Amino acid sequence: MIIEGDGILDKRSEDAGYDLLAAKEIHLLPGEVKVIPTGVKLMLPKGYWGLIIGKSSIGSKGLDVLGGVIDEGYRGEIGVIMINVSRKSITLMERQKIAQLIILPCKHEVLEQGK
């Protein structure tokens, strides 16, 4: 798969997703929502989409990653929407692992107004 940036890591065959990395250091206040930049651009194979889903490691810190859909056509850089549901401030360091990207098949069917 074609990519652009160093904010994503290869994965073993047994692994379902690629690790996404924070492009820069981030500080999330309590309850704050932030779109964290990864510095990566993707060229997803034709017929697939990328699912952004959290990693148990940062989830265990009171950080909820809000499910992200990466479209096949999307050509900008990937961003991870994250919320600090905890009651204190949290810091994500540069290049720290923050989420995963999973490539799933996509089915395109036109819509019909039947019954």
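Whichever C-alpha set is largest while still superposing within 1.5 Å between the two forms counts as the rigid core. The first residue of the shown sequence is 1; numbering continues from there.
Remark: when the other structures in 7 other deposited structures of this protein are fitted onto this one via the rigid core, 66-74 deviates more than the alternative among 66-74 and 52-60, judged by RMS CA distance. Root mean square Cα distance to the shown form, taken over structures and residues in 7 other deposited structures of this protein after a core fit, is higher for 101-109 when 101-109 and 15-23 are compared.
The PDB entry reports B-factors from which the mean C-alpha value can be compared for 27-35 and 55-63; the larger average falls on 55-63. Note on 15-23 vs 88-96: mean CA B-factor is higher in 88-96.
The PDB entry assigns residue 40 a C-alpha temperature factor belonging to the middle third of its chain's modelled residues. Annotation for residue 7: C-alpha temperature factor in the lowest third relative to the rest of the modelled chain, per the entry.
For residue 101, the recorded CA B-factor ranks within the lowest third of the chain. Only modelled residues enter the ranking.
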